[PDB]
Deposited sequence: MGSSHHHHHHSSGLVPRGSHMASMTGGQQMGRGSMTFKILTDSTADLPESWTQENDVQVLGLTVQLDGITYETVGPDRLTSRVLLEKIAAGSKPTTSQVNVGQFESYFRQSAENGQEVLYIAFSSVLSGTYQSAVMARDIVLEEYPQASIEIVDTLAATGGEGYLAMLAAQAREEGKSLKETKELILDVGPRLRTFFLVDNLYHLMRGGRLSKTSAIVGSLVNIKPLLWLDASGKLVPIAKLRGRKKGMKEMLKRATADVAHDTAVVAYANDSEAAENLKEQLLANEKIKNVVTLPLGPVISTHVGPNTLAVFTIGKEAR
């Protein structure tokens, strides 16, 4: 019944969205004078992005435009279809607010139409997992309202711990001895980015991230994301799966919009606690 829409910052694999009937509106990357798509056959990849960033290219990102949500929303209302939009955190992008404005314009044309927008206060794998729980609820025949309620319950309980090389691109992007120091960050209850530890070295950074992620597990699945290093993510995966509470691990490469902000060698772990973080 209801359609599920998300955005390219949820970092869902194309194969998953195709097979799961989830649509994705692309944010853009501005990279050395050109605007790249982040969805479609011509989408910019993180591998290409990070390569350019290593040679000194300072790429910036842009929100989804009101027009994109307009078209999608209007097409759905025209077709008698309900819509759930699992949205990239409102505190990191004006994407959510543009969708809200687009919904306003469409409800003018289609006053009885059904369009729910969830401000996940999330990012990348976290956001993606929320969409995955939303596609699972849809399978189980939950309504749009019930699915909205599920995501609004789960979202505040999602933990996001992420380990970076430094704060350079994070501070450069506007959303935020140091030799061999790996900062560890999280998203607080407001969805704000907040350093919580500075580890001497990647092995310690990972250990700490694993410890914090596994402090409070109330759900059998964890998510690991990585910028560059797929073997490092595998090591996180194995460790996670060694918790009796963790039965599954979803592993997702970071997409280029997120990668533009966090930088290379980023690792992240997403888990769901019993209570709201």
Q | Missing C-alpha runs, given along the deposited sequence, first residue counted as 1 | A | 1-35, 212-219
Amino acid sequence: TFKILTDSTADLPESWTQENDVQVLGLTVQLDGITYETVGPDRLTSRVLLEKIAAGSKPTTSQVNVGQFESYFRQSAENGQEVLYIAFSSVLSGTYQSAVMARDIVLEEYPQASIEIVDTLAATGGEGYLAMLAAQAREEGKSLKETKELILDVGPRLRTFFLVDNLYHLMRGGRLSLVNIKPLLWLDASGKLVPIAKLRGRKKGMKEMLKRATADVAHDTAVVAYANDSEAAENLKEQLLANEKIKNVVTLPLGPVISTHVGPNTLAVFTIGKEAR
From here on, numbers count along this sequence of modelled residues.
Q: Averaging the C-alpha B factors as listed in the entry, name the stretch that ends up higher: 246-254 or 34-42.
A: 246-254
**Q.** Between 148-156 and 131-139 (mean CA B-factor, as deposited), the higher
**A.** 148-156
**Q.** Candidate set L185, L121, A77, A99 [ranked by C-alpha B-factor, highest]
**A.** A77
(Q) Quiz for you: based on the deposited Cα B-factor, which of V223, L240, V64, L50 is highest? (A) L240
Q.
Quick check for you: using the entry's CA B-factors within this chain, is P195 in the lowest, middle or highest third?
A. middle
Q. Taking the entry's C-alpha B-factors for this chain, is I117 in the lowest, middle or highest third?
A. lowest
Q | Modelled-residue ranking by C-alpha temperature factor, third containing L167 | A | middle
Q: Please place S8 in the lowest, middle or highest third of its chain by C-alpha B factor as given in the entry.
A: lowest
Q. If you rank the chain by CA B-factor, which third does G56 end up in: lowest, middle or highest?
A. highest
